[PDB]
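Step one of this worksheet: look at the structure below.
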Ligand SMILES: O=C(O)[C@@H](Cc1cccc(CN(Cc2cccc(C[C@H](C(=O)O)[C@H]3CCNC3)c2)Cc2cccc(C[C@H](C(=O)O)[C@H]3CCNC3)c2)c1)[C@H]1CCNC1
């Protein structure tokens, strides 16, 4: 599994961060309250807890299930 | 008056930061808008402007009344 | 074109950050959702996308048109 460019187009199902943490669901505010919700980013594919890039970071990312770690990049490599 | 561990259990009355600033009230959104509110933290004892640790910081903290400084650790020692 | 004190009083028309990005409009909620609007800061001169200091930063600042970069200080030096 891989991403192209900055990964805004990435629509895979990876839900694990670079440090092995589980992604938080985009539709949950727990443990991290956020504004990266389907209502505000309807074309960004904010499904379940999948790694995404709704706000033009360098690569796909997610909020994490670890209360002490708000968000991280995903364990995902750049495409050949 | 002191905290144990990471101070998630702290329920004392200290309301002052490690720089001497006064804590903002948890129920207040001014000068700092936030979501450390009883709705998302029912167990956290978020009362008045008391130093608390709802969200697993390393020690009790509060939003500060200084508009320049969003939040700081509290002037509290470990038991 | 410069700021006095920490620039709370500043009402010039600069709309460019330190890294040369352009300010988002204060009334606009896109790309960054925020609280710094005419309602919650009534005397701050939150007009168009002009560099302001309503919330007691060290210097005037703005939210940026870059969706990733939330806010930056403006390219404005202090008055001599
Ligand atoms: O992470 C994000 O969601 C995204 C960035 C983002 C977007 C929108 C708003 C924020 C800011 N929030 C906190 C916050 C709320 C109100 C106001 C501010 C500060 C102001 C502002 O940024 O509007 C500035 C403006 C100029 N001087 C102050 C900050 C972020 C926030 C939201 C919830 C909790 C915290 C951390 C806690 C807090 O500050 O509660 C601290 C408090 C102690 N424990 C943790 C921080 C951040 C990134 C994710 C990947 N892409 C970008």
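The residue numbers of chain C are those assigned by Swiss-Prot, with the residues present covering 1387-1466 sequentially.
According to its header, this structure was worked out by X-ray crystallography, 2.0 Å.
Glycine too: its Cβ is placed from the backbone N, Cα and C atoms.
Among the features that Swiss-Prot reports, domain 'Kringle 13' is placed at C:1387-1465, with the record citing sequence analysis.
If you look up Swiss-Prot, you'll see C:1388-C:1465 (among others) marked as disulfide bond, on the strength of sequence analysis. The local packing around residue C:1465 (disulfide bond), expressed as other Cβ atoms within 10 Å of its Cβ over all shown chains, amounts to 11.
What Swiss-Prot records for C:1409-C:1448 (among others) is disulfide bond. Take the CB of residue C:1448 (disulfide bond) and look out to 10 A: across all protein chains shown you find 27 other CB atoms.
The Cβ of residue C:1437 (disulfide bond) lies under 8 Å from the Cβ of C:1396, C:1398, C:1400, C:1401, C:1402, C:1409, C:1446, C:1447, C:1448, C:1460, C:1462, each of which sits 6+ residues away along the same chain. According to Swiss-Prot, the feature disulfide bond maps to C:1437-C:1460 (among others).
Annotation comment: Swiss-Prot describes C:1461 as N-linked glycosylation site. Long-range C-beta contacts of residue C:1461 (N-linked glycosylation site), restricted to its own chain and to partners at least six residues apart, with a cutoff below 8 Å, comprise C:1400, C:1402, C:1403, C:1404, C:1406. DSSP gives residue C:1461 (N-linked glycosylation site) a coil state; it is part of no helix or strand.
For residue C:1460 (disulfide bond), the number of other Cβ atoms no farther than 10 Å from its own Cβ, over all displayed protein chains, is 24. Most buried of the disulfide-bonded residues C:1388, C:1409, judged by other Cβ atoms within 10 Å, is C:1409.
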